[PDB]
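Quick mapping for you: the protein sequence lines, in order, are chains E, Z, Y, P and F. Under my numbering, the residues of the first sequence are numbered 2 to 51, in order. Under my numbering, the residues of the second sequence are numbered 248 to 540, in order. Under my numbering, the residues of the third sequence are numbered 8 to 306, in order. Under my numbering, the residues of the fourth sequence are numbered 8 to 306, in order. Under my numbering, the residues of the fifth sequence are numbered 75 to 327, in order. What follows is a single structure, written as structure tokens, with notes after it.
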Amino acid sequence: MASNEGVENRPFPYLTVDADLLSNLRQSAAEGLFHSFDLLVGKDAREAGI
Amino acid sequence: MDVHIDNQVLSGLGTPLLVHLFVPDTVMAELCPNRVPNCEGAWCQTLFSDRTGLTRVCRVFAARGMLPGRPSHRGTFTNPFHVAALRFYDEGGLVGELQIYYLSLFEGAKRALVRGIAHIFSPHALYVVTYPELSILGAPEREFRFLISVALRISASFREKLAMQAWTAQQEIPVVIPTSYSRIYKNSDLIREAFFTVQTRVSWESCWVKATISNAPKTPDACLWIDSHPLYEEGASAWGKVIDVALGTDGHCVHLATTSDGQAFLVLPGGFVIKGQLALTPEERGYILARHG
Amino acid sequence: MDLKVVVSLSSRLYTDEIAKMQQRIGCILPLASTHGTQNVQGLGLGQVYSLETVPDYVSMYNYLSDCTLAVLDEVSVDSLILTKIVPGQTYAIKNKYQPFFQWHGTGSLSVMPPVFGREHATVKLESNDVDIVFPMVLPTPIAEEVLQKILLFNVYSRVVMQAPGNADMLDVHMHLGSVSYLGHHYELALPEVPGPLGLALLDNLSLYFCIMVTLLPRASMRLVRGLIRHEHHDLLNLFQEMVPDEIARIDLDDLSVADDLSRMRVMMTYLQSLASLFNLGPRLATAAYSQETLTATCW
Amino acid sequence: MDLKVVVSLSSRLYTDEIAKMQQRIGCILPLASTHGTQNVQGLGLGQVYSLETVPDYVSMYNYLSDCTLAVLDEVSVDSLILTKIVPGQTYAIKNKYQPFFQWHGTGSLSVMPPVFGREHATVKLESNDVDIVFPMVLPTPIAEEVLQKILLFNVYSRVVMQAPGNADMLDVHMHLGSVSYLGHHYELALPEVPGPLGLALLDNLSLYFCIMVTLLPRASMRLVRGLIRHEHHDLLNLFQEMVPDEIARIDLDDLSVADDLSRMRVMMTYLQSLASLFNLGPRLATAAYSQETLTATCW
Amino acid sequence: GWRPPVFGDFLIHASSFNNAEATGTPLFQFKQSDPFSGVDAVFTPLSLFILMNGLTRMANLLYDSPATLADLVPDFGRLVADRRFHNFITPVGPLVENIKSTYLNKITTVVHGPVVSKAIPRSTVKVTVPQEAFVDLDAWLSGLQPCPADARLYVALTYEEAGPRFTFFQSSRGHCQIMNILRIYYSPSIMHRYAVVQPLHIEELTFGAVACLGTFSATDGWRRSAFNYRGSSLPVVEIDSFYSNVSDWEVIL
């Protein structure tokens, strides 16, 4: 689908989850398995302005 | 004057001989109604009778000129017995065909080098420049008689269709009659005048002529080409109107509508419509294809 | 060293407009003057391209060359926040355009008026009664292709005039009309009349073409005349065993080193000039590209 | 800021290779990757210009225009230490190319691929089984004239292979062998043979120039006749007399109607791809040159 | 704020360069054939008006006799025949330092970068050219045209029937149309050159060559200073904040 639909980049205080989610994340991102996904590159991988 | 050497370096090296002609605005008053636009796109062509037929189409640019030292030539600058024709347009709705003839030119080219000549088709005086580098009666008539023959056939075809329909009428266009007169069923007065004017109207730019010349199958099948000349000769008649009706509503209009397939419709005031058929031999298609396209 | 301009909107725009304008974030648009605070009319390209007027593309190239270009950074309900282009600084860039061409690494980019589609690149602001008109940025080869197409159309729409329809059905709409790309074909908007501006460019082209035709060497014409009949090639596939008789009429004199050396020398001096008569657009060198992000690093 | 990057070699270099690199320290290289550290095959121009396959010149041009240029700074037993070139920074050059070519102050450096022999231009690395090929740098009018003379030589050699009688090779050699710039006399040997097969560096520029030069007058007469109006620039009319008469005599009706669009379009593509070539690719200026130290302060 | 400009050093013989010249005039360099380590043979535009033939009175008051200059460019009459003299006039930039010596003379200019002096922490300077033989090509053809960021000074050198003459042009629009507007400007002088074109062969057809000197800070304009030499009364346009970026000679016709 489109990149940013429900993606809110506000700096929520996220929870730390022990499980691993990166198993075949690139290919699943390529096909479109889960909708409303954004890729954030490293230079824009920061806490947003409030 | 620059147009002559422009032609001699670009078109005079494509066409052998040229005669350089200057037209006064009074001669221009013949073609164009109520307008004085500059004459760049004007297409001169030749047309020669009784041997064979051909046209060669070229622009010589025209500009108004003060350069004659003689005050009288103030104005625009652009086998004898035959025709030349200038087709003049602008961005707006104005198309004119002017006819220059010979034996004004070969006599006129005799010595600002200038000489006055006369028009035969539309009589006025024209002026011919000569640069230092430099069977009668049937000949004009043909473009008349040819087209008028078509009119006769078209008129006869109307009669045949009336002979189909027991010689009365039928109304094909929703136009309310102006009133329910008792003194209206002498409309024999109207239809006679159709055969008055249709036979006395002949011009190269008739509606059916443009109907003969079709660029596409589909869009001319979807399009109608109309002309309305007024009854009995009051004023200037209009030809070549496009329909991309109100004509039946208003009086003084014997409307004539032609499709590209040659089908015609004579519309009277009151919305009465008579269908007419066209007959064109391949000679006639060759002529109209030559001049018009 | 600080590039930042805020544009103050006169009256607040609706949510429907703010949604699509925030969708348009990160795209190039031209600005009129170098001031901190700008009026909204100079911000849009629509001043040079009104709806009512005849479309004139080369004059829009003239307009877009003068107007210092900016990148939309933040869309707010009363404010359009832009950074600008110093020629010697590096800044990120994003591509999200409807006639869509995927960009290549180390392929230079050019800026053009929106030839392709009137509604597709532009958004009107009826709350403030203007239109913001996004320009078209393309990779350079297809940009030069579209430029050649528009110039040849400005010629041939004059040439056809009226009389042959067989010219009209193919010439006006086949090469000049469609821009092909890999697995794609996109239309062009064609002016109903070929209007002004392009014709002065054609004048300068005609000046250079006459001066170049004065100085032509013969030995290259000999190479062509020999190879088109004696052999066959893919470059020569335009030319069958038939030769234009033009080259036979120019081909009567012998060959000589001293004349062709000087002829080639002057043609070298004149082909340097054609790069500036051809280019007409700002160049952006691409140093990095992100296909997943549609966000390149131009220069 | 700190932009010096190192390529790491797979195997140990031999001593002959070490001294050969010490001969050619301060010279320019093509750098395939923007990030410096990656395998040795990138820094070579051998992928485009190889001993194995016959190279067409425009491939090397398109490759050099895209890829960045780098200057060697240090050679060590397992490492090559390079400096990237970015505009806005000053650097040092030594002219360790082989064919000595005098560098004046405030001259225009141009980077063009070598037309000389391969053994003269490159170094082979037997240790890592690769080839590094150095792009030539020569002054701008001299490089113009080099292209002139090799192109005219290709035309004359192909004609004399077509027809032996028309072209005298001694008249070719006496003129094209000598290159004079500012009282300095350099004798440059031409390509050795054209052959029946595709020849060493040229025959692609030559055929492009040839199709261009044959299409030029046929296109030009059509354009000049198409252009005529009121608002056209007046000098065009003054140059209408300037054309030779037989070029003016050509009728447009002979070449067919859509073929006008074909010949014009092909001619325009060849013009636009051809013109930027003669600006001679990447360019730089040098502030001061030292002859006895052989050191150029460039930027 | 930018990187300090790349200076160039030059040793000219003092008889072909006046000490009196103001700090900031642009200088042009000529290439000698066999020796060029000794005398650089740099020209100033006022010297170029003498080597090409009330500016004339000042150009004769500063420079007296010309045959030294005629010795420096011996083939000037052969170069104007072939249109090769523009291939030798290279642009160098405005003047900064003039260290005085009897036989030699030490000229230090600015090849590239923002114009400045070097002794103190970089005191700036300005670049001056006289208002005659100077044509603003923005007031020449004059909705509202947009106000650009930056303005360019071009140089043209034109071989008219009375020999070659140089001109400096100040515009701000673009490089791709300054060529066309410069053809529109030199249209009538071109109309006066093709009297005796037809006997002369192909090499003469070139009318002039255009380079782009640099980009000065626009949206300001210029001023009108003068020369303070003894008899001078010579008006001179001066411009600040200049950034030199000499270009190649692009041909016009």
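For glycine and all other residues, C-beta sits at the position ideal for the given N, C-alpha and C.
For the pair Z:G495 and Z:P477, the CB atoms are not nearer than the 8 Å cut-off.
Comparing C-alpha distances from P:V82 to each of P:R256, P:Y21 and P:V166 shows the shortest one belongs to P:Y21. Interface annotation, Y:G202: not in contact with chain Z, CB-CB separation never under 8 Å.
Per DSSP, the beta-bridge partners of Z:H476 are Z:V501.
Rounded to the nearest whole angstrom, the CA to CA distance from P:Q48 to P:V137 is 7 Å.
With a threshold of 16 other beta carbon atoms within 10 Å, F:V229 meets it and is buried. For F:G282, no CB of chain P lies under 8 Å from its own CB, so it is not counted at the interface with that chain. Nearest neighbour of P:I257 by Cα position, chosen from Z:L360, Z:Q524, Z:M248 and Z:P263, turns out to be Z:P263. Taking a cut-off of 8 Å on C-beta distances, the region 114 to 128 of chain F does not touch the region 212 to 221 of chain F, as fewer than three cross pairs fall below it. Nearest to Z:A493 by alpha-carbon distance, out of Z:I364, Z:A398, Z:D468 and Z:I420, is Z:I420.
The C-beta of Y:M219 comes closer than 8 Å to at least one C-beta of chain P. Contact annotation, Y:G124 with Y:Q105: C-beta distance approximately 7 Å; criterion of less than 8 Å satisfied. Non-local C-beta neighbours of Z:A365 in its own chain, meaning closer than 7 Å and more than five positions away in sequence, comprise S351 and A372, ordered along the chain. By DSSP's assignment, F:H186 forms a beta bridge with F:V80 and F:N319. In the three-state DSSP reduction, Z:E407 falls in the helix class (H, G or I). Take the alpha-carbon of Y:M28 and the one of Y:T44: they are about 20 Å apart.
Contacts with chain F at 8 Å (Cβ-Cβ) include Y:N286. With contact defined as three or more Cβ pairs closer than 8 Å, the region 231 to 240 of chain P and the region 313 to 322 of chain Z are not in contact. F:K174 counts as exposed, since fewer than 16 other C-beta atoms from the protein chains shown sit within 10 angstroms of its C-beta. Under the three-state reduction of DSSP output, E:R47 falls in the coil class, being neither helix nor strand.
Counted as a single uninterrupted DSSP element, the beta strand (DSSP E) harbouring Y:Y188 occupies residues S185 to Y188.
The C-beta of P:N69 comes no closer than 8 Å to any C-beta of chain Y.
Flagged as an interface residue toward chain Y: F:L327, by a C-beta distance shorter than 8 Å. For Z:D253 and P:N211, the gap between their C-alpha atoms comes out near 39 Å. Residues are counted here when their Cβ sits less than 8 Å from a Cβ of chain F; for the region 131 to 164 of chain P these are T147 and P148, given in chain order. Among the CB atoms of chain Z, none fall inside 8 Å of the CB of Y:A255.
For P:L116, there are no C-beta contacts with chain F under 7 Å, since the nearest C-beta of that chain is about 12 Å from it.
Taking 7 Å as the cut-off between beta carbons, the residues of the region 298 to 323 of chain Z near chain Y are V304, in sequence order. Boundaries of the beta strand (DSSP E) around Y:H192: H191 to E194. With contacts defined by Cβ atoms closer than 8 Å, Y:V273 and P:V250 do not form a contacting pair. In the three-state scheme derived from DSSP, where H, G and I count as helix and E and B as strand, Z:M313 is classed as coil. Scanning its chain for C-beta atoms nearer than 6 Å, with the 5 sequence neighbours on each side dropped, one finds no residue around F:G305. By the C-beta criterion, the region 164 to 183 of chain Y is judged to be in contact with the region 263 to 278 of chain P, since at least 3 inter-stretch pairs fall below 8 Å.
Rounded to the nearest whole angstrom, the C-alpha separation of P:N46 and P:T276 is 37 Å. Not one beta carbon of chain Y lies nearer than 8 Å to the beta carbon of P:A99. Counting C-beta pairs closer than 8 Å gives fewer than three between the region 285 to 303 of chain P and the region 132 to 151 of chain F, which falls short of the contact rule.
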